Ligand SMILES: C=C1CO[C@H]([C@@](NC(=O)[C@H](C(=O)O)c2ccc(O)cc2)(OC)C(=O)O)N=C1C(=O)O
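Let's start with one chain on its own, the form solved without this ligand, as structure tokens.
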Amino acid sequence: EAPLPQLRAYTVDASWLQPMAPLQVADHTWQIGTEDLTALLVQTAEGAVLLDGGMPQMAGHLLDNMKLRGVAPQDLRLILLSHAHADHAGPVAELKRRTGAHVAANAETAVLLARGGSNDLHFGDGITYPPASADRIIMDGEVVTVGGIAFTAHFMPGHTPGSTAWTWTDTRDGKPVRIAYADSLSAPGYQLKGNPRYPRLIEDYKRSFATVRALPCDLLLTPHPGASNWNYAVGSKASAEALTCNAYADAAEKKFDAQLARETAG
């Protein structure tokens, strides 16, 4: 037979790889990723926390932005993740090597990260990345504290079994701001009904819609800024049209029901 196909690279839109300067979200919280991939730096008194890292090739850019914020590589103490796909956990292994930071994640995210996103429930081996290990396993509702800032995990399975929202409270213009970093609620091209690899997918999504609606949140952020109507490119107006947690979940549930209609009706 004809030769087997060549391996396929994980190519993404240029805006996902467009570097940007740090954009201040709150007094201690900064977007340091790219224009279209969120990576949040929280600077505490006893080191910095990174939430998500973006694509594999973004490790150097993250370290450069950390430098501009006054954070040396060894000052990064903790990495948290929304979910362990290649476009959000991509550079985690290299970040651990170059910073010594620990990774805290739930068990589902830990096992997916440790196999580099391979054998994905829905993508197979289509999107892999260098594997990394979690140094601390997190339970639902558990609180991780760095330098006086408490980060609370809220499991919201669906997009991945391990999908998690993280919440914390910063300050902004003299007042506290409850920040919620919620994972994706989409099911892009997923088989929703009767999926042998995820039998309770529909029940998990539906509960996760409700979990997101209930998060303590004055300011919602998402791994893809477009999903919560952020525009990182417009500077200090980046959050002008940012969605509430209610609007984010409702839009997600409406799309999910219609995606379920396209499937169930056939």
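All residue numbers refer to positions in the sequence shown, first residue = 1.
Below, we refer to the form deposited with this ligand bound, which is not included among the displayed structures.
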So which of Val71, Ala101, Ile127, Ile149 gets a non-hydrogen atom within 4.5 Å of this ligand in the deposited bound form?
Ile127
Could you tell me which one of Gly194, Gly174, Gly141, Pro188 places a heavy atom within 4.5 Å of this ligand in the deposited bound form?
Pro188
Please identify, from 73 to 81, 164 to 172, 118 to 126, 150 to 158, the stretch that has a heavy atom within 4.5 Å of this ligand in the deposited bound form.
118 to 126
Any of the heavy atoms of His28 lying within 4.5 Å of this ligand in the deposited bound form?
no
Please run the contact check for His224 against this ligand in the deposited bound form: heavy atoms, 4.5 angstroms, yes or no?
yes
Please run the contact check for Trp16 against this ligand in the deposited bound form: heavy atoms, 4.5 angstroms, yes or no?
yes
My question is simply whether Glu94 lines the interface with this ligand in the deposited bound form - judged by any non-hydrogen atom within 4.5 Å.
no
From first to last in sequence, which residues of 36 to 73 have any non-hydrogen atom within 4.5 angstroms of this ligand in the deposited bound form?
none
